[PDB]
Amino acid sequence: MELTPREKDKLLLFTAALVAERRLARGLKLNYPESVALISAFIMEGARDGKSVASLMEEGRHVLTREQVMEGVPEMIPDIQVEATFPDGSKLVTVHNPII
Amino acid sequence: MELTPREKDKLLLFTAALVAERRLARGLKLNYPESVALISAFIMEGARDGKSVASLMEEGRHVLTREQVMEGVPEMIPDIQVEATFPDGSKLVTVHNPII
Amino acid sequence: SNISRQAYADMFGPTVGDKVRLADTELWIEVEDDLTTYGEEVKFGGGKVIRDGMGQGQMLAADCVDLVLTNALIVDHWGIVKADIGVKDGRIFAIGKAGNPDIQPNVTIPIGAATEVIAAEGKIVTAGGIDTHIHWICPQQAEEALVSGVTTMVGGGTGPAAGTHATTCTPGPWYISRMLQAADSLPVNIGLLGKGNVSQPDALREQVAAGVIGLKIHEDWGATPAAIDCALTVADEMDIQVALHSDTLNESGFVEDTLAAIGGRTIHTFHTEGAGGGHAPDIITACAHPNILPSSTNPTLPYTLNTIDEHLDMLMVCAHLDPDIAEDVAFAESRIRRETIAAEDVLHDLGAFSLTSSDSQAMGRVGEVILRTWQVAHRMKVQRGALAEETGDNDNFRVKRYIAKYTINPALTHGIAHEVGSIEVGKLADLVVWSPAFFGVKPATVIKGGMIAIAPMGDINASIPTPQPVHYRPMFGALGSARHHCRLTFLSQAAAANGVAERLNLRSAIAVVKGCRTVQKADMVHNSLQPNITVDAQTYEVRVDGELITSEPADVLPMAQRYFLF
Amino acid sequence: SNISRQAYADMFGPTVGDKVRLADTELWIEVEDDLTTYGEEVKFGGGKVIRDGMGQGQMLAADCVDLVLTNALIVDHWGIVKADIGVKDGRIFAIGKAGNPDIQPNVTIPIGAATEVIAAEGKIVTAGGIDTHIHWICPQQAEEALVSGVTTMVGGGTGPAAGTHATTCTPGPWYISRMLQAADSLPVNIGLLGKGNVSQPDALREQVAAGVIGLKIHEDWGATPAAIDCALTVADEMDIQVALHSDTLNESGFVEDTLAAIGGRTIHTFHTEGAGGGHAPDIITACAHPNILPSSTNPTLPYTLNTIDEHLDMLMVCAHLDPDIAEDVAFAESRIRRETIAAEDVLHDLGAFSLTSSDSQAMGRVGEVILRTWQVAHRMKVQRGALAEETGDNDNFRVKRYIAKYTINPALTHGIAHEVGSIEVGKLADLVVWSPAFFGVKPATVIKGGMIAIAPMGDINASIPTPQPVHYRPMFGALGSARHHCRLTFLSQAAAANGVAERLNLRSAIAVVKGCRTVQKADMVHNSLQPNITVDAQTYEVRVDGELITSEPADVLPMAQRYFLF
Amino acid sequence: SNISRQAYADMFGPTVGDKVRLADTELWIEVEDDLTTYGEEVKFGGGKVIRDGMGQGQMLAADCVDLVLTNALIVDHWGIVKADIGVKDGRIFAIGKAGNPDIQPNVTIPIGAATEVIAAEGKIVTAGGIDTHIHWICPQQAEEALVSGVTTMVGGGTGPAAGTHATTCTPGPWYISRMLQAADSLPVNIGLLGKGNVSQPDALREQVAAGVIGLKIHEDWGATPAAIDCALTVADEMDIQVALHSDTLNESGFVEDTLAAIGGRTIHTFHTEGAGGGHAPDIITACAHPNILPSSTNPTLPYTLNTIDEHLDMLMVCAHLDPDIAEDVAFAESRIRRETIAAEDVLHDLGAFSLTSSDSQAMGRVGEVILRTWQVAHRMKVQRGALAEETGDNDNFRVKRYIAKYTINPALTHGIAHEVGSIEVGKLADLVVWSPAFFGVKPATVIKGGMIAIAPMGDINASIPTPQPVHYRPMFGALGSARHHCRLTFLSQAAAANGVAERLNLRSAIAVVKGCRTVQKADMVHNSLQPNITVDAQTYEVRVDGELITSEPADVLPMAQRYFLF
Amino acid sequence: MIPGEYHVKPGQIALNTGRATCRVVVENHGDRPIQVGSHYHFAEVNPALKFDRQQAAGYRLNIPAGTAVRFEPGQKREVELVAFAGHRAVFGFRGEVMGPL
Ligand code: NI
Ligand code: NI
Ligand code: NI
Ligand code: NI
Ligand code: NI
Ligand code: NI
């Protein structure tokens, strides 16, 4: 595989997302780290599919709503940022006020 | 659990395989690292079940086909090797030209 | 006897006339020369050539090399040739024909009892990359860079602090001393840049005397004509380089005023295209001057479909700006221009821009300097075709022009070319071994000072080094004292003379920078063009000799989704 | 001109009169003072104030600070004020108004070419925590503690061995020497405790001469009146502190006998509530004496619903007990008492208990010393309301009282307050930067000796430091020699004089403990209460002046499920 | 009073006459002796024996041990006994009865204020393993080996380079010096092997003078009679060991010619069975000679169902062979023989083969040397029953015979038995503590030079060291200077005399090898058989005194799927 | 498109040109296989191979570098040799020359 440090680091993010993904499935209100991880992993898969940066900046605001997270969590996340390999190389996706 | 460094290292492989496994489910054509990880994890579970080295050397060539991976990927993988604990201890499984 | 060319290729790697495509790009190189004697190639293994009395001689250590890279395909600014590489005392000893003079002809690289062997047949060997725009935001950047193929890192910083997030400056004696001590722990050659923004010369001399090999003028600390003039004066008397990031706001004057302040003195302009910083919107015109050594930072290389979208938002978090404050956002659009972003790629292809760097964690990707340089080459071949200098049906010249951008050119610009920057005898043995399919993306081996420092490694408990999982792990060349012995900390001539290494009790090898004031655009290997370039103040259109310079954004690039897991 | 208070807050952080809630607790602090001159605040960035000739002067390194923390909101035992923090030579230089005297008024902290900047506007800055009850069970405890905001660790141990699992003792010269050498590799200030249980004075003197800054009397090694008397005698002649864990079994006598053996000599009582060890069931009465410096260990802080259930089982694995042997379990119920567990929280709120510690991996959580101290504060405000000392509509006094428990008080108790423990000029620059929303839970930056040692860091290959995943990674202040230069190994005056640092060839900075015998309860900042406390031998009820002291168990706490992934 | 044997076992571990099964194997050991005085056993904990004035005395540091392993069940080549182990100055002080002479009888190991305690009741203690066939392909191999219970590693290499992938050779002065410096960073004792394939004596002397403790003759570098003779001549004059991997191709002669070249001089034959290398197909006959010290590499131990299948493919990647080239594959079948693979297991059981090693990442598993040795013992008991030397209804002799294979025998073979190899007074305290259920698989504690270096450790922030996840983490004995003090770098007498340690500025303790030329087969503890063994040139059948030597392949083995996650 | 693919021009490479060569009939009289490397001094191969050792003096096999010729027991075959170059000094092998020639 020849995994570089950055690829191995993203495996940590992906695994953190698996944790949140299951808790949301149970119907729990997600906390701070669970929310950032869930929305971040969504964006990474978005890039893998070849969606544009512009598309993800928008779709990323519809992953979790205010009624799916704990009190005060939406304000603790003014934005979320993550990079992934798009068809045209590494790009940065910034999602402002992701939870509403 | 008393996990040794080698057991912890395999957890990285297993997790890399989870990534590929989902992308294949989406119907994406797998890239280089995703392919090596997917086929490798298959073999590890094979050993866990108690399949012989000879059996896995063959079954490992039928995990992914040429139409399920990106262009040029089958040639980037002339073989795949992985070790796992079989009923009779650690053994090495070599799969030649796994993707066809 | 006789052997077919294909079987030969499979056994000893390609020879004269054979072509090899670089990774998954449209770039093809052709072996220009082979320094071997057919039938006398050295190969390692059971029953092979390198054995006592055969390809291995009876000479003592002093008369043979320590390491030999067999059947290597060298790609460097001077040629794309097949030959053996001999390494002795951590330095490139020779490039020739390895073997035993006792029984073999034309041996220039003797193999003895004391010689280790690295089999490079079927592999491409290149010098280690040199990134001169590093922000020391975190120590983890070194391993990242090393894994990508960059063996030398020049920049400034003190860690994740506002000043370093924004600028490449290790402020003052205390932080310089501290960072020089921390550098011994890192597996790459390091040189530090101090804060050059001051109108008092002594405040700069102290920093150079403390140990920095250059000074960074950054607009966030005030890139005024007085500050610039001051830094260049001390640079001229201490033989150190100046890196510039000009006044984007045009607060103290326009590009022509900064250029006037510089007064024809030598200077390395960071991110010359401007997105990463500089006079809006014509900082790019600097590439026309003989005293300017221009470089690009990597997020704009090459021009793609998602480039502009990603940029508006990135340029905020870096400079510590505010989207609510109009003045903090009005220049964002003046700083990010599609027009100059597209011209930059073309300017590299022409040799107008001479270096590529990252701008690590401050609008740049530390592990993508090599990767993006080749992506630009691929895209330019696709769009513009062959270069006027090409000869034969290959891309050899374009490859030499682009590889020089992150190897020899950065070394010349910062006065370290006497130590690193290329595969030439006498230079430190910082080499990278690549498999053609992963060229520019994932190295097979990264050698520092004659010792492998990082390489892909499989299951540690496996019966061989190849079983999964295979990921990059630190080797012996990155351990304690072995590392100290295989890396260089670059000091200024003043610091060296002052006994800084002894005072801080530095453990690594020490090198000294020199020749920073005499280099000019004409000295940049394969990239010495001085175009008559203009920028339209309103349309932002870039023009060279009246003709419009532009390019189209890529939708898909090589060295991307086929190699990475994320 | 004029600026509204809200916009001002968003730009430079809160000012006089503004309140900020700490994390998700019910605690509110109010800025008591602001040391700036309105309109002259220093801010870093493009076009901002800190630029040559503007907010940055022309002075040489010796005349300006090395690091400046701009617009900081300081929370310390002495005040909750807004000001700039200047750091020079790894020490707190000043707390005032930073800038350039050339063009700005009231500058007490000069910024020059050699000054690095850390933007603290909108952030809370506090001293580094000090945990004095560490069991050196594993080296990994240091990073854990550092990430939580604890910069100094005092304790004893030799690794995961039965003796260390149970007690904070580095037994004898050999293990002391070995652990002192190992300490150079850790990114926190360290002081060691030896085994103080001996009735032969010379066996103790040797340990102090070997390097320990204190001695631990633990019942597992025999906390008899003879052992106690012996340790205190040597402590008195060598100026080192004694930490006690008394005879729980009442084998040699009751609490009053131990107190008699102590004879009014200075002593730090570990886990004074008793669950973590001590005379059953009245070891808590010790907090009434002027010579006793009482502390709590953290698993009992604060009293919650799952506290008792978890405790019965935890108290087994630690002391190396057996659930089958009746005598090994009969005292479990005598040691874990709801009555004293509830009184402890109240006693902290009143200032009867003066310190908080962990008791790492031996009935304590190394990374939760700060976290739990604030949870107790929150719970006490909720139950008891405002403290008699409060002034204004805020919780400023309660905050000062509780922060002192893990900062200055532990430093006074162990004779290191001359070096660390608070933000006061001359003290080592061990500072922690917090974002109000994560106060007490997850630090934005942890500074050791003037260098960032650990901080949250995102994707290393990213274009900025913020992209995911963001987790704590070691910085330059934690690397080789830079670390040695930014950390302190505390020695006893005897060891220092004997040349122990030179003999073991210790690489870090060395500090010496002093003033361990003269501190008394009256010296504990904000926590000097000596209550007339009694414990009912049968009901275990705690009473102060006849009134019953108790509290209710919490079902949910702040700084818990909203911040952690597991 | 009186106590039943079962309760006694549960409290202090098994005593004389009690049996314990090793892990999940069919092997049973029986306590042969107990050195305690019933009722006077020392136990640590609250209310237990080791307390001031009781089981702990008043003696100064010089008169008591630093560490005491209480109630240990020792398994060594000399006995399987119950006793206390005293460690002083990093060395085994005594094996006897620990306590306080003041009030206890028969105390030979005094416990004082300076004594740390490790509770070994119910645990098995053994010496640290010694692997003499290490390929330094990556530094990560050390932690892997340490975790398995191997405390000393002897081999050669320079990292992941072709030469090292294939051979255990650190080629020449430069690489030897570099690797010796890198060794200070590793937590295991290390000794290096140089490239012994040369027909010029001076090229070898230099390597020994540079620091190697032995020379490896490998067929890939030419294992010719001239090379062999040359290496043995220098070995004889410098007192260093020679490791051999003979001419598999029979190019320079057959096994009898190599044996002739050796001329009765001392030599350690690597992988004597032959699969891992050596004259095809009778290299195994070497075990019949008095001057040959034979060892096996681990992938062939023991003979199982998947052995042959896995081997054909493994033997390719290692030697750098090619499946297309007929000559590169024709000998694969000549090298991998079911006949010799089955005889090897039996030969170990008989004491014909004296050592076990790994052959790390070059046809061997670095973390399975101990594990596989016991799997062979289990399989041999199952197939052949009790050994002729067994006494009583136990497997004590077979256990002593097999444990010697990776402890004392490897130490004798390489001239380091004066320092390590067994639990005997005066030897370095390299000890491993095992829980009977995990014997040979996963250690409870690994002690290096008197300090725990690696051990299983649970949640770092937990209230105790046991909560999940529990995995192996480095301890204090593996940190900076503490590690340097607890590990040994073995030098040759020449290098030591030449001042190599001082010149390279080596930080660890230094030991010197001696007695490499005088050891012979008769000196191998419990494994000195010299069978009249023959191999049929065609059928490859192994015969000892005419009788056929063979065994059946296992389908399932202990110490496998029940303990590992992958 | 195959990443890193070669485009080898067709043809052949002539090996060890301009050097003396000779042919020798060799036969393995041993009972175990023998394999000889390309650069091994032929005159000093395993004594079980019967051939004119006097003719093979200073010669090695004329085969591509790194390859080998195997001789099964009883195998008889004619091989082509090529003369050593350089200093023509043989050191090592069975130790029969250990000097020039
Ligand atoms: Ni810039
Ligand atoms: Ni920059
Ligand atoms: Ni305690
Ligand atoms: Ni404790
Ligand atoms: Ni071998
Ligand atoms: Ni080997």
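The rules we used
- Residues numbered from 1 in each chain as written, not as in the entry; some residues may be left out.
- Chains lettered and ligands numbered in written order.
- Part of a larger assembly, values for the part shown.
- Heavy atoms only, no water.
- Helix = DSSP H or I, 4+ residues; strand = E, 2+ residues; numbered from the N terminus.
- Rg over C-alpha atoms; globule rule 2.2 N^0.38 Å.
- Buried < 20%, exposed > 50% of the residue type's maximum accessible area, 1.4 Å probe, protein only.
- Contact = heavy atoms within 4.5 Å.
- Areas by Shrake-Rupley, 256 points an atom, 1.4 Å probe, with all protein chains shown as cover.
- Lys, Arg positive; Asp, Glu negative; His and termini not counted.
- Charge placed at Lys NZ, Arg CZ, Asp CG, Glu CD.
- Pairing = 2+ DSSP bridges.
- 1 Å grid on protein atoms, 1.4 Å probe; cavity = no way out; pocket = protein on both sides within 12 Å on 5 of 7 lines; lining within 4 Å.
- Points joined across faces, edges and corners; volume = space filled by probe spheres on them.
- Nonpolar A, V, L, I, M, F, W, Y, C, P; charged D, E, K, R; others polar.
- Donors = N, O, S within 2.8 Å, 3.2 Å for Na, K, Ca; no water.
- UniProt positions renumbered as here; feature names shortened; annotations may be inferred.
- Buried area = accessible area lost by both parts, 1.4 Å probe.
- Salt bridge = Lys/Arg side-chain N within 4 Å of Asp/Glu carboxyl O.
- Polar contact = N/O pair within 3.5 Å; in protein donor to acceptor, adjacent residues only side chain to side chain.
- Expected span 1.5 Å × (residues − 1).

Per the PDB record, the structure was determined using X-ray crystallography to 2.5 Å resolution.

## Examining the overall build of chain C
Within chain C one finds 17 helices and 28 strands. Against the 2.2 N^0.38 benchmark of 24 Å for 566 residues, chain C shows a C-alpha radius of gyration of 24 Å, consistent with a compact globule. Every one of the 566 residues in chain C was classed for burial, and the buried ones make up 76%. Residue pairs in contact within chain C that sit at least 24 positions apart in sequence constitute 69% of those at least 6 positions apart. Counting only carbon and sulfur atoms, one obtains 50% of the accessible surface of chain C, whose full area is about 13,100 Å². In chain C, which carries 41 positive and 67 negative side-chain charges, the distance between the mean positions of the two groups comes to 6 Å.

## Observations regarding the overall build of chain F
Check the secondary structure of chain F and you find 0 helices and 10 strands. The N-to-C order of helical and strand elements in chain F reads β-β-β-β-β-β-β-β-β-β. Taken over the C-alpha trace, chain F has a radius of gyration of 16 Å; the compact-globule value for 101 residues is 13 Å, which it surpasses by more than 25%. Projected onto its principal axes, the C-alpha coordinates of chain F cover approximately 55 × 35 × 20 Å. Residue burial in chain F is summarised as follows: out of 101 residues, 55% are buried. Counting contacts in chain F only where the partners sit at least 6 residues apart, residues at least 24 apart contribute 61% of the total. Computed over 12 positive and 9 negative side-chain charges, the separation of the two mean positions in chain F equals 3 Å.

## Some thoughts on the sheet that holds strand β28 (residues 547-548) of chain C
Strands sit in the order β26-β27-β28 (chain C) across an open sheet of 3 strands; the sheet is antiparallel. On the outer flanks of this sheet lie β26 (533-535) and β28 of chain C, each paired with one strand and no other.

## Structural notes on empty space enclosed by the protein
Space left empty within the atom packing is revealed by a probe, the size of a water molecule, rolled over the atoms. Estimated volume of the largest cavity: approximately 170 Å³. Around the largest cavity, the lining comprises 17 residues; the ones closest to its centre are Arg6(B), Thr85(B), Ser90(B), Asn461(C) and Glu368(E). At the level of secondary structure, the elements contributing two or more residues to the lining of the largest cavity comprise α1 (5-25), β1 (79-86) and β2 (89-96) of chain B together with α12 (369-384) of chain E. Among the residues forming the lining of the largest cavity, the class breakdown is 6 nonpolar, 5 polar and 6 charged.

## Examining the coordination of the nickel ion (ligand 4)
Ideal donor angles around a metal are set by the shape: a four-donor tetrahedron calls for 109.5 degrees, a six-donor octahedron for 90 or 180 degrees. All names here are of chain D. Protein-derived ligands of the nickel ion (ligand 4) are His 133 (NE2), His 135 (NE2) and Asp 359 (OD), with the metal-ligand distances lying across 2.2 to 2.4 Å. Between the nickel ion (ligand 4) and the nickel ion (ligand 3) the interatomic distance comes to 3.5 Å. Highlighted residues: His 133 in strand β11 (residues 129-135) and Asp 359 in the loop between β18 (355-357) and α12 (369-384), separated in sequence by 226 residues. Residue class for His 133 comes out buried when judged on its relative accessible area of 1%.

## So, the UniProt feature "domain: Urease" in chain C
Within this structure's numbering, the places UniProt gives as "domain: Urease" are residues 128-566 of chain C. Split by type, residues 128-566 of chain C is 31% helix and 18% strand. Its first and last C-alpha atoms lie 25 Å apart.

## Quick word on the interface of chain A and chain C
Taken together, the contact pairs 31 residues of chain A with 35 residues of chain C. Looking only at chain A, the three residues that lose the most surface to chain C are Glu2(A), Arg6(A) and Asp88(A), adding up to 23% of its buried area. Across the contact surface, chain A and chain C share 3 salt bridges. Counting across the chain A and chain C interface gives 24 residue pairs in polar contact. The element that contributes the greatest number of residues to the side of chain A that touches chain C is helix α1 (residues 5-25) of chain A, accounting for 7 residues. Each residue belonging to the side of chain A that touches chain C can be placed in one class, and the counts come to 14 nonpolar, 8 polar and 9 charged.

## Focus on the interface of chain E and chain C
At the interface, 61 residues of chain E touch 53 residues of chain C. Summed over both sides, the interface of chain E with chain C buries roughly 4,500 Å², with 61% coming from carbon and sulfur. Counting the surface chain E buries against chain C, the share from its top three residues, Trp174(E), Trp221(E) and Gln361(E), is 15%. The interface formed by chain E and chain C includes 2 salt bridges. Across the pair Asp328(E) and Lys48(C) runs a salt bridge, and its minimum N-O distance is 3.6 Å. At the boundary of chain E with chain C, the tally comes to 23 residue pairs in polar contact.

## Brief notes about α1(A)
With 21 residues, α1(A) ought to run about 30 Å at 1.5 Å a step, and its terminal C-alpha atoms sit 31 Å apart, in line with that. Downstream of α1(A) by a residue or two, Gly27(A) has a phi angle that is positive, lying close to 90°.

## Notes on the side chain of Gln241(D)
All names here are of chain D. Structurally, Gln 241 can be placed in strand β15 (residues 241-245). Its relative accessible area of 0% is what places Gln 241 among the buried residues. When sequence neighbours within four positions are dropped, the list of residues in contact with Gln 241 reads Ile 213, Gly 214, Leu 215, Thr 266, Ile 267, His 268, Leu 293, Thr 413, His 414, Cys 516, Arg 517 and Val 519.

## Brief notes about the arrangement of the chains
The smallest C-alpha distance separating chain A from chain E is 15 Å, and no contact links them. One finds no contact between chain D and chain F; the C-alpha atoms of the two approach each other to within 24 Å at their closest.

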